[PDB]
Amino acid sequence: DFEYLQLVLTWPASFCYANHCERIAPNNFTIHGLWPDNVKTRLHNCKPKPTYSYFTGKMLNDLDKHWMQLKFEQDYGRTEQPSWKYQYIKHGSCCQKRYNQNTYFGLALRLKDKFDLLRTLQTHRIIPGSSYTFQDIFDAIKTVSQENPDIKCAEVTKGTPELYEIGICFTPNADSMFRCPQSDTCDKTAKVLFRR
């Protein structure tokens, strides 16, 4: 049994600045993944590999919005579901005792719905278009994560760290909060850009 679940939320504006996007970047956080993990070594590609079934209807519409596959065209994304499949096989495979394909993705949607990080940041006077200290961002998120969240940065331009993703950890059963390991990817010697 793994130690915790990490909900990874992507900030679209940043993701589409550091990567090639085929979808318009939503002005809200989206799901990048839900990773069962351990503090020691990274857990991934657990056996046996779980068969992936293509989603349809409501679940499909829900995932296309909340877990938008930014790197692919909408039609291909909805039809072939490349990113959802990859994430399920690489990470979903590590929590098959408590979840199935449907409840794994359902959980991701439920956990995402628990937060409105954009609004939380705003009430802490942190909005897109400016830069802020790592600590200020961290403190704002912890007000809702309860336990330590993981603020992940990317540097599209050397020397300009920016908010790329936010991780929030939960217990394996997703009933309680858990302290996320700190990736220390943000250069705290300088402010962090919150891309508009």
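One rule holds for the numbers: they count along the sequence shown, beginning at 1.
**Q** Tell me which stretch has the larger mean Cα B-factor in this entry, 134-142 or 32-40.
**A** The stretch with the larger average C-alpha B-factor is 32-40.
**Q** May I ask you to compare 81-89 and 96-104 by their mean CA B factor in the entry and name the higher one?
**A** In the deposited entry, the stretch with the higher C-alpha B-factor mean is 96-104.
**Q** Out of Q69, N148, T51, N61, which residue has the highest Cα temperature factor in the PDB record?
**A** When the deposited C-alpha B-factors of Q69, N148, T51, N61 are compared, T51 is largest.
**Q** Divide the modelled residues of the chain into thirds by Cα B-factor and specify which third, lowest, middle or highest, holds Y17.
**A** It falls in the middle third of the chain.
**Q** Divide the modelled residues of the chain into thirds by Cα B-factor and specify which third, lowest, middle or highest, holds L7.
**A** It belongs to the lowest third of the chain when residues are ordered by C-alpha B-factor.
**Q** Sorting by Cα B-factor within the chain, modelled residues only, which third would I166 end up in: lowest, middle or highest?
**A** Lowest third of the chain for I166's C-alpha B-factor.
**Q** Would you check the entry's CA temperature factor for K47 and let me know if it's in the chain's lowest, middle or highest third?
**A** Ranked within chain, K47 CA B lands in the highest tercile.
**Q** Ranking the modelled residues of this chain by C-alpha B-factor as given in the entry, is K65 in the lowest, middle or highest third?
**A** Its C-alpha B-factor belongs to the lowest third of this chain's values.
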